[PDB]
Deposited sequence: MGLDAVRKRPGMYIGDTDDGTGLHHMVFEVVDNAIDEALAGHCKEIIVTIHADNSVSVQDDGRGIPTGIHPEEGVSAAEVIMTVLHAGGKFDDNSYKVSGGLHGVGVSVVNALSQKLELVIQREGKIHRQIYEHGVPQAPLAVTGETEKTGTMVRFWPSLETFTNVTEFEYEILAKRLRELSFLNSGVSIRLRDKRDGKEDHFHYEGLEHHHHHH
């Protein structure tokens, strides 16, 4: 359950004190975007550091399934869910659900099939069912997660360089995947595309 991971966070995400786990959180969201890219659907991934020390990742793939509790929610709220959807990003067997369970807030926005969907979680818990919130022609998935300050302790702020270097590496391992980093705190931006 998501409680298993709040109980023993380090074991799932890395060391929650020294900043390792807190940065690892980003790469267990990006992991799925790189996979969407690798399956041929996702062309670009925008990773963003927000003034409030949240990190959003936006892809332009198919958009996590919305059908039904919804598919999306299953993925977000069940540890094993990810296996129902040989390359890169994250640690084998860890999906976005670990990220959600360790985030005080996570906002999910899916653009799929002419419609925008939004949903918010607190500490893993959905605030409402996934819901339609307008029309769009774009497709993609967007996760914005605010790390729990109940889990991550000393290093609590995302460090642009740690992110930059690993995103560049990931885009190099996966030729053609366009990864962009943006930092809204200072305007700093990079594009990684081999």
item	value
Deposited-sequence segments unaccounted for in the coordinates	1, 70-74, 92-96, 206-215
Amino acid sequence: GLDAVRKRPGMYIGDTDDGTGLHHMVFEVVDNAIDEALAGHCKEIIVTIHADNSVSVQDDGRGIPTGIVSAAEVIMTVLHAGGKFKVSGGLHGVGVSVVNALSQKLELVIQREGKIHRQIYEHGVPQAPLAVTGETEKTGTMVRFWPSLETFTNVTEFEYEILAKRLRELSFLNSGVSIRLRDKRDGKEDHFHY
From here on, numbers count along this sequence of modelled residues.
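Whichever C-alpha set is largest while still superposing within 1.5 Å between the two forms counts as the rigid core.
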| query | finding |
| --- | --- |
| Core-fitted comparison in 8 other deposited structures of this protein, 165-173 vs 123-131, farther C-alphas | 165-173 |
| Stretch farther from the shown model on average in 8 other deposited structures of this protein, with CA RMS computed after core superposition (174-182, 13-21) | 174-182 |
| Other entries modelling both neighbours but not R118, at least a third | no |
| Other compared entries missing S97, a third or more | no |
| Per the entry, higher mean C-alpha B factor between 103-111 and 76-84 | 76-84 |
| 19-27 or 170-178, whichever carries the higher mean Cα B-factor | 170-178 |
| Selection from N32, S56, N53, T141 [criterion: highest C-alpha temperature factor in the record] | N53 |
| Lowest, middle or highest third - CA B-factor, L130 | middle |
| Assigned third (lowest, middle, highest) for the C-alpha B factor of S70 | middle |
| Position of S148 among the chain's modelled residues by C-alpha B-factor, lowest, middle or highest third | middle |
| Third of chain Cα B-factors occupied by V155 | highest |
| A37 CA temperature factor, ranked by third within the chain | middle |
